[PDB]
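Okay, so here's the structure we're looking at.
Derivation of every value follows stated rules applied to the coordinates shown; laboratory data play no part. Counting neighbours? That spans all protein chains shown, and the Cβs are built from the backbone with ideal geometry, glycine included.
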Amino acid sequence: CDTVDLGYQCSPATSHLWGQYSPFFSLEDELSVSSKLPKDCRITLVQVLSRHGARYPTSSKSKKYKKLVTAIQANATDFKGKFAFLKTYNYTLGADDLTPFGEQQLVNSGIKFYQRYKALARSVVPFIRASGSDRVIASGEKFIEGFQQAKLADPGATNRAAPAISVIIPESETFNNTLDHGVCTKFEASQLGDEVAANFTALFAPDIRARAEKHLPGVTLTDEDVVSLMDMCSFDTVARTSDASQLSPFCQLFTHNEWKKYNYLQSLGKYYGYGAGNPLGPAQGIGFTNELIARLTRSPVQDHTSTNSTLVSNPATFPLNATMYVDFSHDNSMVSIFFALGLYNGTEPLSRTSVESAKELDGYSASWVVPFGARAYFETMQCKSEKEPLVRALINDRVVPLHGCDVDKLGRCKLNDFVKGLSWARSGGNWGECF
Ligand SMILES: *[C@@H]1O[C@H](CO)[C@@H](O)[C@H](O)[C@H]1NC(C)=O
Ligand SMILES: *[C@@H]1O[C@H](CO)[C@@H](O)[C@H](O)[C@H]1NC(C)=O
Ligand SMILES: *[C@@H]1O[C@H](CO)[C@@H](O)[C@H](O)[C@H]1NC(C)=O
Ligand SMILES: *[C@@H]1O[C@H](CO)[C@@H](O)[C@H](O)[C@H]1NC(C)=O
Ligand SMILES: *[C@@H]1O[C@H](CO)[C@@H](O)[C@H](O)[C@H]1NC(C)=O
Ligand SMILES: *[C@H]1O[C@H](CO)[C@@H](O)[C@H](O)[C@H]1NC(C)=O
């Protein structure tokens, strides 16, 4: 179901509609030109930003789901139709960790990164950082395994030293971490994303709850419970087999139309939680943006947001000339980063009542942007067509044309023009409002 090149392609009418719980699926050529290296161009630098792989529910969500399944099984006097499996379903999911499928996603992502950037990778040991979350670190280790596997299979490789994760950035409300938000006090107290999600759920869940209650006589569901049951489709799928080759029985409880609503609910939560819908959302991505500018320009970091001055000032933890960089992070931080970079500046504020597709939102959705095992590639290339280095952004294989600069038909801008266009991030944006 899941391949190195294309990601997850089984049951696409369901599995691509789980938002941030969708396994990565390649968006090569989707509302986009090809992501292929253009003729007479050579990559000179690549930065990868990768999410962790598919996982179990967090400890708190796992507790909630188990509580619900138990209550259903205790209250239902019958389990009718498609809900029949809940009579004997046994809740066995863990908490927080990668599933085997999620580990393999990341091995696959490392293989794909080697293959895509083979010309550089043959001689380069990438510089790698990970946010201080066990599933993120584990994802980094699996990416490295895949990278090394592909490199060993390539007779043309000259430097096969394994890259280490050189920096693990602590996750703490008082540690400045560009790969995991937490220090912007006002933002961390924001309820907007949760309120938008709740309001939208109140629109679509009632009909679903009625149908489920009809097929589970004795059971009373809330809106929240409907969403929990829908969440279980993805979580159970990515857990129950090592290759996620069997759709969970939870999945067929809901229609394709309902999956499109669920997918949009997830898009709303990320947009209004972490993206441009949140007044301090894109500010959470400024620190990484300034780190990326430092790498692109081989220059010291200039930032006063979520960088740590000790970490960025030491070559051992922030080398300025490493040619390949790979950073491991989380959905929410990656959404903020993509918005801070201006990559979704063609997306209008999402309707809170009407479902708009990624097609109609200029390529923005949770499933297109931060699926499980999400990856972004930020390239510099030197092309014979242009004296100046050109930058290109690929998000889950889709070329995401740059904003703020004079963008060409291939989605690229000249390096200095791109950096100039990131004036908001370079100034620190509205970070002062944090406090
Ligand atoms: C910056 O990193 C240093 C070295 O790890 C650490 O001692 C310090 O507390 C960090 N400060 C912040 C605010 O992240
Ligand atoms: C939720 O809906 C209520 C009633 O329609 C509305 O007043 C409120 O603004 C909504 N919340 C958000 C953040 O959209
Ligand atoms: C199960 O029944 C109990 C006791 O009436 C009730 O409080 C609870 O909400 C019910 N839960 C479900 C999921 O039906
Ligand atoms: C951490 O970030 C805050 C601004 O958010 C800044 O005041 C402080 O200097 C930073 N500390 C370090 C060590 O970078
Ligand atoms: C993206 O749009 C926002 C809001 O208009 C603006 O502040 C920011 O500078 C834009 N980014 C780029 C890179 O053009
Ligand atoms: C590049 O130079 C940096 C100093 O900015 C140094 O720490 C490191 O040896 C180099 N980067 C690599 C090869 O990881």
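A few remarks follow.
- For the stretch 266-305, filtering for residues that are under 28 Å from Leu390 (Cβ atoms) and not β-branched (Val, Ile, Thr) leaves 19.
- Yes/no for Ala138 being within 16 Å of ligand 1 (Cβ to nearest atom) and under 21 Å from the mean Cα position of the chain (by Cα): no
- Within the stretch 303-333, the set of residues being among the hydrophobic types (A, V, I, L, M, F, W, C), surrounded by fewer than 20 Cβ atoms within 10 Å (Cβ to Cβ) and under 17 Å from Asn176 (Cβ atoms) comprises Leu311 only.
- Any chance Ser367 is closer than 30 Å to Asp2 by Cβ, under 24 Å from the mean Cα position of the chain (by Cα), among the small types (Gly, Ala, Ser) and surrounded by 16 or more Cβ atoms within 10 Å (Cβ to Cβ): yes
- Among the residues of the stretch 171-206, the ones that are in a helix (DSSP H, G or I) and of a type in the set (A, V, I, L, M, F, W, C) come to 10 in all.
- Residue match in the stretch 258-265 (condition: assigned to a loop (DSSP other than H, G, I, E, B), in contact with a helix residue (DSSP H, G or I) (Cβ under 9 Å, 6 or more places away or on another chain) and more than 14 Å from ligand 4 (Cβ to nearest atom)): no
- Of all the criteria given as (1) in contact with an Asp or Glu (Cβ under 8 Å, 6 or more places away or on another chain); (2) under 30 Å from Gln382 (Cβ atoms); (3) free of Cβ contacts under 8 Å to residues at least 40 places away in the same chain, the one not satisfied by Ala130 is (3).
- Residue list for the stretch 410-435, filter: without any contact (Cβ under 8 Å) to a residue 60 or more places away in the chain and either among the basic types (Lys, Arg) or surrounded by fewer than 20 Cβ atoms within 10 Å (Cβ to Cβ) (or both): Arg412, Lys414, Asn416, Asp417, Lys420, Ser423, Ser427, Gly432
- Close contacts from the stretch 378-402, counting a first residue that is farther than 16 Å from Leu415 by Cβ and a second that is assigned to a strand (DSSP E or B) and away from ligand 6 (no atom under 16 Å from the Cβ), with Cβ to Cβ under 6 Å and a gap of 6+ residues or different chains, come to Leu394/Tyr377; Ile395/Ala376; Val400/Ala393.
- Taking the stretch 302-417 as the region of interest, the helices (runs of 4 or more DSSP H) fully inside it that hold 3 or more residues being more than 16 Å from ligand 1 (Cβ to nearest atom) are 331-340, 366-369.
- Where a residue in the stretch 310-335 is within 14 Å of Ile169 (Cβ to Cβ) and free of Cβ contacts under 8 Å to residues at least 40 places away in the same chain and its partner, wherever it lies, is crowded, with 19+ Cβ neighbours inside 10 Å and of a type in the set (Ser, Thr, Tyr), with Cβ under 6 Å and at least six apart: none
- From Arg135, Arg129, residue being in contact with a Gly (Cβ under 9 Å, 6 or more places away or on another chain), more than 30 Å from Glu213 (Cβ to Cβ), assigned to a strand (DSSP E or B) and not β-branched (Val, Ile, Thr): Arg129
- The residues listed here are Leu253, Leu265, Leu320, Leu247; of these, the one that is over 25 Å from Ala95 (Cβ atoms) and among the aliphatic types (A, V, I, L, M) is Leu320.
- Some residue of the stretch 338-348 being within 14 Å of ligand 4 (Cβ to nearest atom) and surrounded by 19 or more Cβ atoms within 10 Å (Cβ to Cβ): no
- Lone unmet requirement of (1) assigned to a loop (DSSP other than H, G, I, E, B); (2) buried (at least 21 other Cβ atoms within 10 Å of the Cβ) for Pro279: (2)
- Meets criteria (away from ligand 3 (no atom under 16 Å from the Cβ), under 21 Å from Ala198 (Cα atoms) and surrounded by fewer than 18 Cβ atoms within 10 Å (Cβ to Cβ)) for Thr297: no
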